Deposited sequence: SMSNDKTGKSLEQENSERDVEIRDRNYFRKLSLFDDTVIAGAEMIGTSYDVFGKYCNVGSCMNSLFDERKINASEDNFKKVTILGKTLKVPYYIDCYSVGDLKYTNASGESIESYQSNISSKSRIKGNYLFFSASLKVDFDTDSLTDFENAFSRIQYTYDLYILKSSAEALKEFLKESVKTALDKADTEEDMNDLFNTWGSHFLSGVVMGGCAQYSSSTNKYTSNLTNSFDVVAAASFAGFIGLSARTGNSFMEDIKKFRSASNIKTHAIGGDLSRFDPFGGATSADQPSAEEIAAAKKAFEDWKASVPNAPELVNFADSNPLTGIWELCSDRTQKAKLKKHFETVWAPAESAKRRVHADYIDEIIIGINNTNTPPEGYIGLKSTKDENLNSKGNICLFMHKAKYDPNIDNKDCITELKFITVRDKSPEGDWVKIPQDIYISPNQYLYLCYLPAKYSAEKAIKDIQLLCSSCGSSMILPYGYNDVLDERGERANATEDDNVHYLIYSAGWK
């Protein structure tokens, strides 16, 4: 399924590259990627990828009508040409663009910030399913990291002002005529909200990981470890001391890692082609990793692709192409206050959370359909005597519907006939089958809260120390209750994942 997605992504990257180039009508002497400038972009799509391009806003017929619309440019000895509204800069350097977050929410905000579009939005959300396993996105124990190592061959930049004289008449009309909120929604939905104004052409290697925060037990910050893991993987320089060697080992054991490459001759070469996941790779293994990377890198100049946003003004609002400053401001305001927040809300991801807890006698410890059983390291009874089992149901957050109530707290009641006050719910089953002892689990339901919702309930089984950031389930006096009645110790613990 991974090789299928890999092939699928490359199919898009190649075919859509060909699509926009063909439609631009630019001849073979025109620098690669020229047609990306002034092409609109789905800001909620993939991170800088031709697949998320929407509509070229320039009039190809007008540009190509005269040789005077082009200027000379020299890249790597090649004498080519470029539409005069574009500024081209040779760079030829390797640079990291990294995104990370200790939760899916923080990760989404971090990658979105790379747009350099002001505000708190969730831009580039379609890249989540490209970079990570879908199920990993909603598992509360994961931290997320996306490492991109880019060979910046050259940068193409333009401005709204420079593109104005070559703008499609259909685009000018749409901008000028967008009156109602629905017109403006339709504008951003149809034409796109932004266009590419600053892009990097060349090649990149991508290395993305979902890492279990609880089992990784890292010394250094997971995002710095991820970058060191990437560098070592492809035979580049990586730290050994300051606990890095052990951190990199732990990181890899605790992570699901996906890789991708764009640009260069990928039919012959692969930046990850000789990659090694060994703790201590040999001289030959490192050399082979480095050789595969260097062979691919050398193929990039003759086969560049769109690979990154430039550092300044990579994406420009389509309203900047308006000739009327009142209309420009109106469209910008609709984006900032209505459309971007509405569209962002639809892409919001939160971890799965516990919405139901049940307890009963179960001889086979088989959960009812849709429910999951309580575990220590493996499946365990809450109370081994009388086969008392706890099962929980998990809900998936969905931005479009009113979400099911979450549970925010757990406690024990050790007396026979007492109901807890307020919104607290007592689970009816007496956990202690002894006739002279009582134990009931109580939970506190509340309207869904991403920060407050319990995500996990676990058993410590005789390993007795309370892990971060979990909580004990306490009786009336505030003490731990041994849930099992045999020659063993069961302590029930829970976490909202902070």
Against the full deposited sequence, which stretches does the structure leave out?
1-8, 471-474, 511
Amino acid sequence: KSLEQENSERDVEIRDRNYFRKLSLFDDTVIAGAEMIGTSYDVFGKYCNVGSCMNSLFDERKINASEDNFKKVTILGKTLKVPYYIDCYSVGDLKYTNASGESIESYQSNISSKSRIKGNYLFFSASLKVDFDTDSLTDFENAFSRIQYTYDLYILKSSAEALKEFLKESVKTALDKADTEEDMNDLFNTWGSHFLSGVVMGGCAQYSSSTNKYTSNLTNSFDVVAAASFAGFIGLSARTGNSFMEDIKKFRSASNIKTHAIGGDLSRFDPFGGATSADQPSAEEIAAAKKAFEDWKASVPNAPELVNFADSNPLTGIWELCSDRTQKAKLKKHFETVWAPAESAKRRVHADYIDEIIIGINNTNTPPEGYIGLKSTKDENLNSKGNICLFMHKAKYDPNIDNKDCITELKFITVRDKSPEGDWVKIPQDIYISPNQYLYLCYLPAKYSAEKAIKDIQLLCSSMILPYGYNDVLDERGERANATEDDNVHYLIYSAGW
From here on, numbers count along this sequence of modelled residues.
Mean C-alpha B factor from the entry: is it higher for 229-237 or for 388-396?
388-396
Would you determine, from the values in the PDB entry, which of 161-169 and 205-213 has the greater average C-alpha temperature factor?
161-169
Checking the record values for 51, 33, 467, 38, which has the greatest CA B factor?
467
Highest Cα B-factor in the PDB entry belongs to which of 422, 119, 317, 301?
422
Assigned third (lowest, middle, highest) for the C-alpha B factor of residue 473:
highest
C-alpha B factor of residue 60, ranked within the chain: lowest, middle or highest third?
middle
Against its chain's modelled residues, does residue 416's Cα B factor rank lowest, middle or highest third?
highest
What third of its chain's C-alpha B-factors does residue 247 belong to: lowest, middle or highest?
lowest
Sorting the chain's modelled residues by C-alpha B-factor and splitting them into thirds places residue 460 in the highest
